[PDB]
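Student: the sequence isn't on hand, but the structure is:
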């Protein structure tokens, strides 16, 4: 999507493996706020929005 | 009410303890009042704050 009309994907009822994304060599930026990028797989959320 | 003088002492101390305990639920500016939640989410460099 264009940034003025960004696309929101709602994610729920699933297993979220964030190490696949974090340990990827294909991303130039991966900045986490309010949470450690290496503790994500130990956490549970009520929803994730992408 | 005859023994109010003794009951008042009991009430004041019970109240003081209840208040002290309730303060543990305050954030004081932190992301959470729960120490375990902070530690489970953040790494030391940020958890410390």
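Tutor: Sure thing, it's come through. Numbering: from 1, shown residues only, chains lettered A, B, ... in the order given.

Student: going by C-alpha atoms from here, please, whenever you check contacts or count neighbours.
Tutor: OK.

Student: centre of chain B to the edge, which residue is at the far end?
Tutor: Counting by Cα atoms, centre = their mean, the extreme residue of chain B relative to its mean C-alpha position is residue B:2, 33.2 Å from that point.

Student: now the phi/psi pair for it, please.
Tutor: In this entry, residue B:2 is assigned phi and psi values of phi -60, psi -40 (degrees, to the nearest 10).

Student: helices of the chain, residue ranges please.
Tutor: As the question left the chain open, I've gone with chain A. Along chain A, counting by DSSP state H, helices occupy A:19-22.

Student: the intended chain is chain B.
Tutor: Under DSSP H, chain B gives helices at B:4-22, B:35-41, B:44-47.

Student: so which of these is the most surrounded?
Tutor: Each of the helices of chain B was scored by mean neighbour count; the highest is helix B:35-41, a mean of 15, by mean count of other Cα atoms under 10 Å in any protein chain shown.

Student: pretty sure residue A:30 sits against residue A:22.
Tutor: Yes. In this structure, residue A:30 is within contact of residue A:22 by Cα atoms under 8 Å, at 7.0 Å.

Student: more crowded one of those two?
Tutor: Using other Cα atoms under 10 Å in any protein chain shown, the more surrounded residue of residue A:30 and residue A:22 is residue A:22, with 16 against 10.

Student: sweet, I'm off.
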